[PDB]
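Shown here: upload_7.csv, CSV, C-alpha atoms.
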chain,number,residue,atom,x,y,z
A,188,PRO,CA,20.8,30.1,-3.6
A,189,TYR,CA,17.9,32.5,-3.6
A,190,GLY,CA,19.7,35.8,-3.1
A,191,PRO,CA,20.2,38.7,-5.5
A,192,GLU,CA,23.2,37.2,-7.2
A,193,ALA,CA,21.3,33.9,-8.0
A,194,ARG,CA,18.3,35.9,-9.2
A,195,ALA,CA,20.3,38.2,-11.4
A,196,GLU,CA,22.0,35.2,-13.0
A,197,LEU,CA,18.6,33.5,-13.6
A,198,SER,CA,17.2,36.6,-15.2
A,199,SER,CA,20.4,36.9,-17.3
A,200,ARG,CA,19.9,33.4,-18.7
A,201,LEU,CA,16.1,33.8,-19.2
A,202,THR,CA,16.4,37.2,-20.9
A,203,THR,CA,19.1,35.7,-23.3
A,204,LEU,CA,16.7,33.0,-24.2
A,205,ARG,CA,13.9,35.5,-24.9
A,206,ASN,CA,16.3,37.4,-27.2
A,207,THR,CA,17.1,34.2,-29.0
A,208,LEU,CA,13.5,33.1,-29.4
A,209,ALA,CA,12.3,36.5,-30.6
A,210,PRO,CA,10.2,35.9,-33.8
A,211,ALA,CA,11.4,37.1,-37.2
A,212,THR,CA,9.1,38.5,-39.8
A,213,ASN,CA,8.1,35.2,-41.3
A,214,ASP,CA,9.8,33.0,-38.7
A,215,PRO,CA,9.9,29.3,-39.6
A,216,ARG,CA,10.0,28.5,-35.9
A,217,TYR,CA,6.5,29.9,-35.4
A,218,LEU,CA,3.1,29.2,-36.8
A,219,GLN,CA,1.9,31.6,-39.5
A,220,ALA,CA,-1.7,32.4,-40.5
A,221,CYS,CA,-3.1,30.3,-43.3
A,222,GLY,CA,-5.3,32.9,-45.1
A,223,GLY,CA,-6.7,36.2,-44.3
A,224,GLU,CA,-7.7,35.2,-40.8
A,225,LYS,CA,-5.8,36.5,-37.7
A,226,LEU,CA,-4.1,33.7,-35.8
A,227,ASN,CA,-2.3,35.5,-33.0
A,228,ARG,CA,-4.3,37.5,-30.5
A,229,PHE,CA,-1.1,39.6,-30.1
A,230,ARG,CA,1.3,39.9,-33.0
A,231,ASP,CA,4.4,39.6,-30.8
A,232,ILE,CA,3.2,36.5,-28.9
A,233,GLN,CA,3.5,33.7,-31.3
A,234,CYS,CA,3.0,29.9,-31.4
A,235,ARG,CA,6.0,27.5,-31.7
A,236,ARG,CA,5.4,25.5,-34.8
A,237,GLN,CA,7.1,22.2,-33.8
A,238,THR,CA,4.8,21.9,-30.7
A,239,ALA,CA,1.6,23.4,-32.2
A,240,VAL,CA,-1.6,21.5,-31.5
A,241,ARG,CA,-3.6,22.7,-34.5
A,242,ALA,CA,-2.6,24.7,-37.6
A,243,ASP,CA,-5.3,27.4,-36.9
A,244,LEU,CA,-4.8,27.9,-33.1
A,245,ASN,CA,-2.2,29.7,-31.0
A,246,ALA,CA,-1.7,26.7,-28.8
A,247,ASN,CA,1.3,24.5,-27.8
A,248,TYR,CA,2.0,21.1,-26.3
A,249,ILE,CA,4.3,21.8,-23.3
A,250,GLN,CA,6.2,19.3,-21.1
A,251,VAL,CA,8.0,20.7,-18.1
A,252,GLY,CA,10.0,17.9,-16.6
A,253,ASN,CA,7.4,15.1,-16.5
A,254,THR,CA,4.4,17.4,-16.5
A,255,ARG,CA,2.4,17.4,-19.8
A,256,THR,CA,0.0,20.3,-20.5
A,257,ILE,CA,-1.3,22.5,-23.3
A,258,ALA,CA,-0.9,26.3,-23.1
A,259,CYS,CA,-2.9,28.5,-25.5
A,260,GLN,CA,-4.2,31.9,-26.0
A,261,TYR,CA,-7.8,32.8,-25.2
A,262,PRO,CA,-9.4,31.7,-28.6
A,263,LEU,CA,-10.6,34.4,-31.0
A,264,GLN,CA,-14.2,34.3,-32.1
A,265,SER,CA,-13.2,32.7,-35.4
A,266,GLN,CA,-11.2,29.9,-33.6
A,267,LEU,CA,-14.0,28.6,-31.4
A,268,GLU,CA,-15.0,25.5,-33.4
A,269,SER,CA,-11.3,24.5,-33.8
A,270,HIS,CA,-10.7,25.2,-30.0
A,271,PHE,CA,-13.5,22.9,-29.1
A,272,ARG,CA,-12.1,20.3,-31.4
A,273,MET,CA,-8.8,20.6,-29.6
A,274,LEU,CA,-10.6,20.2,-26.3
A,275,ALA,CA,-12.6,17.1,-27.3
A,276,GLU,CA,-9.8,15.3,-29.2
A,277,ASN,CA,-7.4,15.9,-26.3
A,278,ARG,CA,-10.1,14.4,-23.9
A,279,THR,CA,-9.3,17.4,-21.8
A,280,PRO,CA,-9.3,16.4,-18.1
A,281,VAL,CA,-9.4,20.0,-17.0
A,282,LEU,CA,-9.6,23.4,-18.7
A,283,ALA,CA,-8.2,26.2,-16.6
A,284,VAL,CA,-9.3,29.7,-17.6
A,285,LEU,CA,-7.3,32.4,-15.8
A,286,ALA,CA,-8.9,35.4,-17.5
A,287,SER,CA,-11.2,37.1,-15.0
A,288,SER,CA,-14.9,37.6,-15.3
A,289,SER,CA,-14.5,41.4,-15.7
A,290,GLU,CA,-11.9,40.9,-18.4
A,291,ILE,CA,-14.2,38.4,-20.3
A,292,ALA,CA,-17.1,40.9,-20.0
A,293,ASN,CA,-14.8,43.7,-21.4
A,294,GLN,CA,-16.0,43.6,-25.1
A,295,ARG,CA,-13.0,45.6,-26.2
A,296,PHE,CA,-10.8,42.6,-25.3
A,297,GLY,CA,-12.7,40.3,-27.7
A,298,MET,CA,-12.7,37.2,-25.5
A,299,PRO,CA,-15.9,35.2,-26.3
A,300,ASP,CA,-17.8,33.8,-23.3
A,301,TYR,CA,-17.5,30.3,-24.6
A,302,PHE,CA,-17.5,28.2,-21.3
A,303,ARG,CA,-20.1,30.1,-19.2
A,304,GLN,CA,-22.9,29.7,-21.7
A,305,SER,CA,-24.1,27.1,-24.2
A,306,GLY,CA,-23.6,27.6,-27.9
A,307,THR,CA,-23.2,26.2,-31.4
A,308,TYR,CA,-20.0,26.4,-33.4
A,309,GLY,CA,-20.2,25.0,-36.9
A,310,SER,CA,-21.3,21.4,-36.5
A,311,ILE,CA,-20.4,21.4,-32.7
A,312,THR,CA,-22.9,22.2,-30.0
A,313,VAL,CA,-21.6,23.0,-26.4
A,314,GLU,CA,-23.6,22.8,-23.2
A,315,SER,CA,-22.4,24.6,-20.1
A,316,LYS,CA,-23.4,23.6,-16.5
A,317,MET,CA,-22.0,25.2,-13.4
A,318,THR,CA,-20.8,22.9,-10.6
A,319,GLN,CA,-18.8,23.7,-7.5
A,320,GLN,CA,-17.1,26.9,-6.3
A,321,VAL,CA,-13.8,26.6,-4.6
A,322,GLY,CA,-12.1,29.3,-2.6
A,323,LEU,CA,-8.4,29.8,-3.4
A,324,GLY,CA,-7.6,32.2,-0.5
A,325,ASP,CA,-7.2,36.0,-0.3
A,326,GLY,CA,-10.8,36.4,-1.7
A,327,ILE,CA,-9.9,34.6,-4.9
A,328,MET,CA,-12.7,32.3,-6.2
A,329,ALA,CA,-12.7,29.5,-8.8
A,330,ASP,CA,-16.0,28.8,-10.5
A,331,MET,CA,-16.2,25.3,-12.0
A,332,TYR,CA,-18.2,24.1,-14.9
A,333,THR,CA,-18.8,21.0,-17.1
A,334,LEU,CA,-18.6,21.6,-20.9
A,335,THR,CA,-20.4,18.9,-22.9
A,336,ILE,CA,-19.2,18.9,-26.5
A,337,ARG,CA,-21.5,17.2,-29.0
A,338,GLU,CA,-21.2,16.6,-32.7
A,339,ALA,CA,-23.6,14.3,-34.7
A,340,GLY,CA,-22.1,10.9,-35.2
A,341,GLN,CA,-19.2,11.7,-32.9
A,342,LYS,CA,-18.4,10.7,-29.3
A,343,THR,CA,-19.7,13.2,-26.8
A,344,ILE,CA,-16.9,14.6,-24.5
A,345,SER,CA,-17.4,16.5,-21.3
A,346,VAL,CA,-14.7,18.8,-20.0
A,347,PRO,CA,-14.2,20.0,-16.4
A,348,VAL,CA,-13.5,23.8,-16.3
A,349,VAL,CA,-11.8,25.7,-13.5
A,350,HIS,CA,-12.4,29.5,-14.0
A,351,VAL,CA,-10.5,31.9,-11.7
A,352,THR,CA,-13.0,34.7,-11.6
A,353,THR,CA,-10.5,37.3,-10.5
A,354,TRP,CA,-6.8,37.7,-10.8
A,355,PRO,CA,-5.5,40.8,-9.0
A,359,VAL,CA,0.3,39.8,-8.5
A,360,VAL,CA,-1.3,36.6,-7.3
A,361,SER,CA,0.5,35.3,-4.2
A,362,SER,CA,2.4,32.0,-4.2
A,363,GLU,CA,-0.3,30.8,-1.8
A,364,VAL,CA,-3.2,31.3,-4.2
A,365,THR,CA,-1.2,29.9,-7.0
A,366,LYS,CA,-0.3,26.8,-4.9
A,367,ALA,CA,-4.0,26.2,-4.1
A,368,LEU,CA,-4.9,26.7,-7.8
A,369,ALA,CA,-2.4,24.1,-9.0
A,370,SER,CA,-3.8,21.6,-6.5
A,371,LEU,CA,-7.4,22.2,-7.6
A,372,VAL,CA,-6.4,22.0,-11.3
A,373,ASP,CA,-4.3,18.8,-10.7
A,374,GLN,CA,-7.0,17.2,-8.6
A,375,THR,CA,-9.7,18.0,-11.1
A,376,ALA,CA,-7.5,16.5,-13.9
A,377,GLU,CA,-6.8,13.4,-11.8
A,378,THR,CA,-10.5,12.7,-11.2
A,379,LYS,CA,-11.4,13.1,-14.9
A,380,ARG,CA,-8.4,11.1,-16.1
A,381,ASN,CA,-9.3,8.3,-13.7
A,382,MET,CA,-12.8,8.2,-15.3
A,383,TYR,CA,-11.3,7.6,-18.7
A,384,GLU,CA,-9.0,5.0,-17.3
A,385,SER,CA,-12.0,3.1,-15.7
A,386,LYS,CA,-13.5,3.0,-19.3
A,387,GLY,CA,-10.3,1.5,-20.7
A,388,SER,CA,-9.8,4.6,-22.8
A,389,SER,CA,-6.9,4.4,-25.3
A,390,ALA,CA,-6.2,8.1,-24.8
A,391,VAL,CA,-4.6,7.3,-21.4
A,392,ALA,CA,-1.6,5.8,-23.2
A,393,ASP,CA,-1.4,8.7,-25.8
A,394,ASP,CA,1.3,11.2,-25.1
A,395,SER,CA,-0.6,14.0,-26.9
A,396,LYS,CA,-3.9,13.5,-25.1
A,397,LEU,CA,-5.3,13.9,-21.6
A,398,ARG,CA,-3.4,17.1,-21.1
A,399,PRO,CA,-4.7,20.0,-18.9
A,400,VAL,CA,-5.4,23.0,-21.1
A,401,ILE,CA,-4.6,26.4,-19.5
A,402,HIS,CA,-5.1,29.8,-20.9
A,403,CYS,CA,-5.4,33.4,-19.7
A,404,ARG,CA,-5.6,36.1,-22.4
A,405,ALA,CA,-2.3,35.6,-24.3
A,406,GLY,CA,-1.3,32.4,-22.5
A,407,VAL,CA,2.1,33.5,-21.4
A,408,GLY,CA,1.7,35.3,-18.1
A,409,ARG,CA,-0.8,33.8,-15.5
A,410,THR,CA,-0.8,30.7,-17.7
A,411,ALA,CA,3.0,30.2,-17.3
A,412,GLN,CA,2.8,31.0,-13.6
A,413,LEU,CA,0.3,28.2,-13.1
A,414,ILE,CA,2.1,25.7,-15.3
A,415,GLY,CA,5.3,26.3,-13.3
A,416,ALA,CA,3.4,25.7,-10.1
A,417,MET,CA,1.8,22.5,-11.4
A,418,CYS,CA,5.2,21.1,-12.4
A,419,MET,CA,6.4,21.8,-8.8
A,420,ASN,CA,3.3,20.0,-7.5
A,421,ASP,CA,4.3,16.9,-9.6
A,422,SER,CA,6.3,14.5,-7.5
A,423,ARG,CA,8.2,13.2,-10.6
A,424,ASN,CA,10.0,16.6,-11.1
A,425,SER,CA,12.5,16.4,-8.2
A,426,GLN,CA,15.7,18.5,-8.9
A,427,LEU,CA,14.1,20.2,-11.9
A,428,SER,CA,15.4,23.8,-11.6
A,429,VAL,CA,13.5,27.0,-12.2
A,430,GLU,CA,15.9,27.7,-15.1
A,431,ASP,CA,14.9,24.3,-16.6
A,432,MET,CA,11.2,25.0,-16.1
A,433,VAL,CA,11.0,28.4,-17.7
A,434,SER,CA,13.4,27.5,-20.5
A,435,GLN,CA,11.3,24.5,-21.3
A,436,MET,CA,8.2,26.6,-21.4
A,437,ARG,CA,9.9,29.2,-23.7
A,438,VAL,CA,11.4,26.8,-26.2
A,439,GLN,CA,8.1,24.9,-26.4
A,440,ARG,CA,5.8,28.0,-26.8
A,441,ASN,CA,7.5,31.3,-27.1
A,442,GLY,CA,10.1,33.5,-25.4
A,443,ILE,CA,7.5,35.4,-23.5
A,444,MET,CA,6.4,32.5,-21.2
A,445,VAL,CA,6.6,34.0,-17.7
A,446,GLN,CA,6.0,37.5,-19.0
A,447,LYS,CA,6.4,39.6,-15.9
A,448,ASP,CA,9.0,39.9,-13.1
A,449,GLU,CA,6.1,39.4,-10.6
A,450,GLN,CA,5.3,36.0,-12.1
A,451,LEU,CA,8.9,34.9,-12.1
A,452,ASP,CA,9.1,35.9,-8.4
A,453,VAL,CA,6.2,33.7,-7.6
A,454,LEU,CA,7.9,30.7,-9.2
A,455,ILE,CA,11.1,31.6,-7.3
A,456,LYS,CA,9.3,31.7,-4.0
A,457,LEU,CA,7.6,28.4,-4.6
A,458,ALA,CA,10.9,26.8,-5.5
A,459,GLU,CA,12.5,28.3,-2.4
A,460,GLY,CA,9.8,26.8,-0.2
A,461,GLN,CA,10.7,23.4,-1.7
A,462,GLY,CA,14.5,23.7,-1.6
A,463,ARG,CA,14.3,23.5,-5.4
A,464,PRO,CA,17.3,25.0,-7.2
A,465,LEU,CA,16.9,28.2,-9.2
A,466,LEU,CA,19.9,27.5,-11.5
A,467,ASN,CA,21.5,24.6,-13.3
A,468,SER,CA,25.1,23.9,-12.2
Produce structure tokens that represent the structure in this file.
Amino acid sequence: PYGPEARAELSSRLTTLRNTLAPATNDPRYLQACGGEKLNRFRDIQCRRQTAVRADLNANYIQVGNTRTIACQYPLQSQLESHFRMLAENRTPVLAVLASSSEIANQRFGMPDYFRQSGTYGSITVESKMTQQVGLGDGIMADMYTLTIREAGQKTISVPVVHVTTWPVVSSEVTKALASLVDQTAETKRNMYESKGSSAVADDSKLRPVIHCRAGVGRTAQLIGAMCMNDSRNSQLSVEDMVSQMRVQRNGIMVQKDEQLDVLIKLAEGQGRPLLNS
């Protein structure tokens, strides 16, 4: 069930899906830029229109089995205010940033340092406070923050942040520990909203973990796959199911590299979870 024959057949099915989902020049399946402002950080990594969160972000609602998340690109400088609006309206129980510290510091990559420092974005002001640091194994460290998002006359929303300061391949072990940390962080924050009687708890489009790396299709997809396998409601959901759900709901590049698919395969194998649909 996890041998070369099963793996070749899984890659056959997934590659076919990537071909089908490849974006056309003005593809109606994908979000297009409204005005002379770049929407996609990468021109070939586009945002599914039916599941888009905001018209000016490369960001998608994704449900894999029962697991509800948002996957997005690292926001462009011009998208910061809209990005914080997504975070606050979602009542984000955890923001998982999988771009490393050295990548964020690389100014040629154009990733603004929006969660490690305070700032002002239009009418929104953001305060950053560092909290715990959690080791993930193999020398990998997660720095955690609280982001407090304020706007005059609006409700103040604070967002837990899990920042993985280095990605190297990340082993299935580190990915497993990361999914547990992200899920636990989300659970603690969600329970707080529940204890306040928040109406967002019953809202299908809210209280979703937000995950992004740089483009939101590689490390992001690896983590989302691991979180859905950490969800006890997803028994019998196959790896084919998981990746195809991510691709139809964001783009055909979700799980971009063979190394990332191999992590998901190993995690499934450890659970006895099927690779293929029968």
**OP:** Tell me which protein, DNA and RNA residues are within 12 Å of residue 334 in chain A, counting only C-alpha atoms, leaving out same-chain ones fewer than 3 positions away, and put them as a PyMOL selection string.
**Re:** chain A and resi 271+274-275+278-282+301-306+311-318+331+337+343-349
Original post:
range 429-435 of chain A: which residues within 7 Å, counting only C-alpha atoms, same-chain residues fewer than 5 positions away excluded, as a PyMOL selection string?
Top reply: chain A and resi 197+201+251+415+464-467
Can you spit out the residues from that selection as a PDB file, in the frame of the given file, using C-alpha atoms?
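Generated file (selection_9.pdb):
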ATOM      1  CA  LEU A 197      18.600  33.500 -13.600  1.00  0.00           C
ATOM      2  CA  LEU A 201      16.100  33.800 -19.200  1.00  0.00           C
ATOM      3  CA  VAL A 251       8.000  20.700 -18.100  1.00  0.00           C
ATOM      4  CA  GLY A 415       5.300  26.300 -13.300  1.00  0.00           C
ATOM      5  CA  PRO A 464      17.300  25.000  -7.200  1.00  0.00           C
ATOM      6  CA  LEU A 465      16.900  28.200  -9.200  1.00  0.00           C
ATOM      7  CA  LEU A 466      19.900  27.500 -11.500  1.00  0.00           C
ATOM      8  CA  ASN A 467      21.500  24.600 -13.300  1.00  0.00           C
TER       9      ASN A 467
END
Subject >> Computed interatomic separation between CA of residue 329 in chain A and CA of residue 254 in chain A (Å) >> reply: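 Rounded to one decimal, the two atoms are 22.3 Å apart.
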Subject >> Nearby residues, (-6.9, 27.2, -2.8) file frame, 9 Å, all atoms listed in the file, as a list in words >> reply: residues 321, 322, 323, 324, 327, 328, 329, 363, 364, 365, 366, 367, 368, 369, 370 and 371 of chain A
Subject >> One-decimal distance in Å that lies between CA of residue 410 in chain A and CA of residue 354 in chain A >> reply: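 Distance reported for this atom pair: 11.5 Å.
Proximity ranking of A:374, A:213, A:288, A:451 relative to residue 353 in chain A places A:288 first, based on all atoms listed in the file.
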Original post:
Between CA of residue 240 in chain A and CA of residue 440 in chain A, what is the distance, to one decimal in Å?
Top reply: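 Calculated distance between CA of residue 240 in chain A and CA of residue 440 in chain A is 10.9 Å.
The smallest atom-to-atom distance between residue 400 in chain A and any of A:361, A:289, A:341, A:247, using only C-alpha atoms, is found for A:247.
If all atoms listed in the file are the atoms counted, then among A:199, A:412, A:219, A:256 the closest residue to residue 395 in chain A is A:256.
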Subject >> From A:355, A:406, A:191, A:309, residue lying nearest residue 262 in chain A [all atoms listed in the file] >> reply: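 Nearest candidate to residue 262 in chain A out of A:355, A:406, A:191, A:309: A:406.
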**OP:** Go through A:188, A:295, A:396, A:405 and flag the residue nearest residue 226 in chain A, using all atoms listed in the file for the distances.
**Re:**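 Using all atoms listed in the file, the shortest distance to residue 226 in chain A belongs to A:405.
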